[PDB]
Ligand SMILES: [Mg+2]
């Protein structure tokens, strides 16, 4: 997980062209839905 | 042709026929055509699973080490092959792409559960 | 052979074209002029990228700052807004020589030299400054120099050695056993010799190319 | 404020100067610019030295402009810059001197502190405090409050003008704030510490009304937000200082007014320049207002407030200390004249040698 200060440094650098912030990915590969 | 400028590179040269791709791992001056003049052949890559279900990569690890020691660059597909083999560390985008795929399947599973829950509401309505 | 014959016109053309380049060299005021309404360079018609639009209207060029100072600000400290936003540690140039473009009607284009201090670490020699025509420079006030330049280095925590890749580690251990060397030491890569500078580290301006003098 | 001895021009008028006809010298420079050839610093120096009339100043003004936009702009000599201001004052062309000083980027006139006092003091004696204020703002823009004499004169002009100006525009608050702060920092007396708190207050007003970029853009000031925090620290420092220091009551009222006003108000250059994690200055005003009242109570309890107005305190400071500064400045002025005289002789000698060599070169050719 990036430091909270560094995530804000990027929100200032790319202000106006941002995406929803992503958290830690799933621990394993989710079983394919069937 | 008589090239001026450029560097040696290790890349994949596309061979085979239509719908049947096959690659030759080669060391070549970067300005040469993809399938044209090369310096040395360093292996081959067959991207199609064989009868045993195995995609076959051949790496001349002695000559590859020689040409990386002499300044040879690497193409991005070749860095991915060297990472899967274990000769290089896994490429940053190999890890990032696998994380994106995990996050994208997590959503799909959640949507299916929600649809089943919505279908459960339909079952409750009867 | 001997049927290959001289090409006087080709030799004359090469030399003649060279003379025009030397005499008709363009100037910084002309190559790096800008139209702020369209954000496009008139000399070549080059339109600046989108991510630079805000700063072109909101920030100053280096020699715009230095033209207002006595001796063109020799000895003063100058930083960049891009560095201020990216790095917490002080990053600045200590100016030593400044050659403005006298042709410019405001003396706002030229070349500069100085000593770099990037992320708190100072270089030992002066070199030419790159990206002098960028709208990114901020002159440091004299009364704020002491607080601005104050830096205490933290102990370096980046690893100095790492394991070998899984296959390349197995090949090393296999060679040891084949050669009779019996040991359980783990092969380790040493990263000190090959540590990478930041991507935004100032580059060598002396060896950089200059745009041609043919207008579009 | 300065004595007649400080503004006397007997020493400058007694300098050894070569006699060159301006017309002849004008032609030499004109030919050089036509051929795109560099002009000597000694040449422009000779022109300024031999100005003999009001009309000659107009011609010299054009050539100083041409010199600035030439290959040898950097080599304009200090004595040449000082002679220009001395000649302008001599022939009554004070407006011309102030014009070139404000348009320094075009003419290249960056005077030393002694020359600044000569021009600033002329306006003060004539009562033109609008021109004198312009000189002070130019000194601030160049960050040239080094000599103590300049600091005393600058603070007298600022406080005298502020008393007359009941209404201040945001540009005036910024210019006055910067001038007070920079001049005040040099001075450790009560007047100096009052001007530091006065300057931070005005700049804090512009920070919370128009943004921090209005304060620092094109100004010799820092870009970190929190100018009202710097003002409050001055109060906290004086209150807790072991030595007995006092802050004028007038400044404290200014800060109280600023805090109230900000607390209860009634193309693509739109960027958020502060990190999201950091608290905005607007949100911090409630805490700022508590510190002010606490500091004001402690200061009054310790009797560290000076009821006297800042204009009256500054006048006493100038009277007491300025006489001593005049003696020191005039002593340095004499040394500068001798240093300039020697350097000028060296340039004249070097010019003569190269011209003699030029004859030998033609003889060989
Ligand atoms: Mg770049």
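Based on Cα contacts under 8 Å between residues 6+ apart, segment D:6-62 shows a relative contact order of 37 percent.
Classify chain D: rounded, prolate or oblate, from the alpha-carbon gyration tensor (a ≥ b ≥ c, eigenvalue square roots; a/c under 1.5 rounded; otherwise prolate if a/b is larger than b/c)? Judged from the Cα gyration tensor, chain D comes out prolate (a/c at least 1.5, a/b above b/c). Per residue, the Cα convex hull of chain B amounts to 187 Å³. With Cα atoms as the point set, the radius of gyration and Dmax of segment B:10-51 evaluate to 10.9, 37 Å. The distance from the alpha carbon centre of segment D:233-310 to that of segment B:61-118 is 57 Å, rounded to a whole number. As a ratio to 2.2 N^0.38 Å, the alpha-carbon radius of gyration computed for segment D:117-263 takes the value 1.01. Exposure proxy ranking for B:46, D:24, D:58, based on other Cβ atoms within 10 angstrom of each Cβ and starting from the fewest, stands as D:24, D:58, B:46. Just report the Cα centroid separation between segment C:101-175 and segment D:325-365, whole Å. The two parts, judged by their Cα centres, are 42 Å apart. For segment D:185-285, a Kirkwood hydrodynamic radius built from all Cα pairs, placed in the Stokes-Einstein relation at 37 °C and 0.692 mPa s, yields a translational diffusion coefficient of 222 µm²/s. Between residue D:336 and residue B:52, the modelled label-to-label distance comes to 9.1 nm, taking each label 7 Å out from Cα in the direction of the beta carbon. For the residues of C:67-75, the average number of beta carbons from a partner chain within 10 Å of their own beta carbon is 4.
Working note: 222 nm ellipticity from helices only, DSSP H runs with n ≥ 4, each -39,500 (n - 2.57), summed and divided by the residues of the protein assembly as shown, gives -16000 deg cm²/dmol to the nearest 500. Compute the Cα gyration tensor for the protein assembly as shown, then decide on rounded, prolate or oblate, letting a ≥ b ≥ c be the square roots of its eigenvalues: rounded whenever a/c is under 1.5, prolate when a/b is larger than b/c in the other cases, and oblate in all that remain. Since a/c reaches 1.5 but b/c is at least a/b, the shape of the protein assembly as shown is classed as oblate.
Calculate, in nm to one decimal, what residue C:25 and residue C:152 gain on full extension: separation in residues at 0.36 nm each, minus their alpha carbon distance.
41.1 nm
Answer rounded, prolate or oblate for segment D:234-304, using the Cα gyration tensor with square roots of eigenvalues a ≥ b ≥ c: rounded when a/c is under 1.5, else prolate when a/b is larger than b/c, else oblate. Prolate is the answer for segment D:234-304, as a/c is 1.5 or above and a/b outweighs b/c. Counted by neighbouring Cβ atoms within 10 Å, the residues D:268, D:183 run from fewest to most as D:268, D:183. Figure legend: label point modelled 7 angstrom from the Cα of residue C:194 along Cα→Cβ; residues of segment B:8-26 with amide N under 20 Å from it are B:8-11.
The C-alpha atoms of chain C define a longest principal axis, and helix C:166-178 lies at about 50 degrees to it. Helix B:92-125 versus the longest principal axis of chain B: what is the Cα-based angle in degrees, 0 to 90, to the nearest 10? The answer is roughly 20 degrees.
Report D for segment D:215-365 in µm² per second (integer): Stokes-Einstein, Kirkwood Rh on Cα pairs, 10 °C, 1.306 mPa s. Display every interim value, and only then the final one.
Numbers: Rh = 21.7 Å.
Stokes-Einstein gives a translational diffusion coefficient of 73 µm²/s.
Principal semi-axes of the equivalent ellipsoid, √(5λ) from the alpha carbon gyration tensor of segment C:1-76, are 43, 20, 10 Å from largest down.
Hey, for a label at residue D:26 modelled as a point 7 Å past Cα toward Cβ, could you say which residues of segment D:55-78 have their backbone N under 16 Å away? Backbone N within reach: D:55-67. Ordered by the count of other Cβ atoms within 10 Å of each Cβ, fewest first, D:12, C:137 give D:12, C:137. With both labels modelled 7 Å from their Cα along Cα-to-Cβ, the residue C:178 to residue C:86 distance reads 4.5 nm.
Assuming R0 = 22 Å, can you tell me the calculated FRET efficiency for the pair residue D:12 and residue D:308, based on Cβ-Cβ distance, to the nearest 0.05? The formula returns an efficiency of 0.05 here.
FYI the Cβ positions are ideal-geometry reconstructions off the backbone, even for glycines, and counts take in every protein chain you see. Rule-based calculations on the coordinates, nothing more; no lab input.
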